[PDB]
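Written below as structure tokens is the structure these notes are about.
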Amino acid sequence: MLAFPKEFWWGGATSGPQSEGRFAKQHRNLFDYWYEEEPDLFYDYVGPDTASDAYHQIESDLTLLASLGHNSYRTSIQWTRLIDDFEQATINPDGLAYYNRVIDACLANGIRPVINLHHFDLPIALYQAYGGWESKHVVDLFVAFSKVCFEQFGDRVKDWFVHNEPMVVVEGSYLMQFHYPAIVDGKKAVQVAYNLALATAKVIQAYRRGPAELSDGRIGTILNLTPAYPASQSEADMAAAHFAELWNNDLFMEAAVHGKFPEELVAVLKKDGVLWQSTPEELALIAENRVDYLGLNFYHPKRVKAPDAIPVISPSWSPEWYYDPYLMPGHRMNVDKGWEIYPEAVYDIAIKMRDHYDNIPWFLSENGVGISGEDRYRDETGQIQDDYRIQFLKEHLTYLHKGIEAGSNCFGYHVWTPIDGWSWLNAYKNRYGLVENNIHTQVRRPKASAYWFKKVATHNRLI
Ligand SMILES: *[C@@H]1[C@H](O)[C@@H](O)[C@H](O)[C@@H](COP(=O)(O)O)[C@H]1O
Ligand SMILES: [Cl-]
């Protein structure tokens, strides 16, 4: 009854750090380091040394996902696995052989490989040596890494993404304490945000300069366009939502798609004394090197209100000077996670793409629901009966269909996550998979939602 466009992408998304394990990985990323130093910050003390064992099981995993109707698979290449000497971007031979296994197994199974270059996994040595994303030299080393990827894999990978949710890195590392170095420094946050956007444009330049047979595909970035719904229509609450959009959405969207930063945001940052350092050459690189397409992530809505308190001084600049989170009485909620469920937001994102971002191509690159204690839902056969996940995916997909019918140029849907993976500080507390992973034996077992999504992907339709 709800039919999707021809050649719609169906599959799911993961990342190198959350799936691979550290098996044969030369360097530590920020999270690997963090787990080494403070394991008790991680649920059940599970770090990323093994994660979901994709280092060993990628081939058998893609075979399973092919049998479950997936035509596409998004993961990430780890800078910390592929590169030996960061300053020269020399190649670790085992990492190269590893990403060649991943990509070749994708194609052998008829799965389009979709490759992200950064998913919260800066090398710790670049943080220690230079301040990480605070450094424009680090940005250059990221570019050199991206060039290795395009040269080595671009004959077979035609679908590239520079970052996953760069504002999450900015917030995690420099505002809200959920990535390492977990410091609170707005001036740094703002410069990191500029540097991530500049890195996006430089990687795009590098991709497009590659040999023609390695540069004929598409390159984008993965962003959030989650609306910041105002608590009310008061002037105050609207101005709160307005600023929350400027920061959380517009900064990276305007730079990715239109090659400019939003002027209003710039005036706020300048007034507050925290505007990034830029050069005219960097700004022209950004204007000239914009995305072919986007991934847009959605997995819960955000609401905001006018700030409850105006501090006479703050410890550091924060976007939350201009808004607070708001909880809407009567919202639908996922109790394990403390997150509102509001699938209508997918339609709103679709309409925004249509009307404000020239309807360029985009896909919903991460959509899923995470639950603990899924043991409780196994039936007689031992299969997890995750009808809550079927229902969640079905609703969000229904609103994606509504957006495509209204004219939004959406070309795909990726479930977070094909197989249970390691979610950072929460490790395996909450499971998002269509397919269960036993984290002690690394044995997989499809859940009911895997067979439901198989049907949807294979018939190219819902209901
Ligand atoms: C999106 C993100 O890209 C992915 O890495 C995370 O695993 C998921 C789920 O988050 P939690 O594990 O915090 O629930 C999204 O945040
Ligand atoms: Cl983002």
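In listed order, ligands and their atoms are each counted from 1. One is the number of the first residue; the rest follow in order along the sequence.
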What atoms of ligand 1 come within less than 4.0 Å of a heavy atom belonging to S423?
-> 7 (O), 11 (P), 12 (O)

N164 near ligand 1, heavy-atom distance under 4.0 Å?
-> yes

Sole residue of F161, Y293, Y413, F4 in ring-ring contact (aromatic ring centres under 6.0 Å, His included) with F363 = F161

State the atoms of ligand 1, each with its element, that fall below the 4.0 Å cut-off from a heavy-atom position in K337.
-> 11 (P), 13 (O), 14 (O)

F453/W10 aromatic ring centres below 6.0 Å = yes

For atom 10 (O) of ligand 1, what is the nearest protein heavy atom, given as residue, atom name and distance?
-> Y432 OH, 3.8 Å

Report yes or no: do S52 and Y428 form a side-chain donor-acceptor pair below 3.5 Å?
-> yes

Based purely on interatomic distance, does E366 place a nitrogen or oxygen under 3.5 Å from a nitrogen or oxygen of ligand 1?
-> yes

Is ligand 1 less than 4.0 angstrom away from at least one heavy atom of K429?
-> no

Strictly by modelled atom types, are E264 and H242 linked by a side-chain donor-acceptor pair under 3.5 Å?
-> yes

Distance filter under 4.0 Å to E165 heavy atoms, resulting ligand 1 atoms | 1 (C), 2 (C), 3 (O)

Please find out if less than 6.0 Å separates the ring center of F142 from that of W79.
-> yes

Would you check whether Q18 has a nitrogen or oxygen atom less than 3.5 angstrom from a nitrogen or oxygen atom of ligand 1?
-> yes

For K147, does the NZ atom sit with more than 12 other heavy atoms under 6.0 Å from it, leaving out its own atoms?
-> no

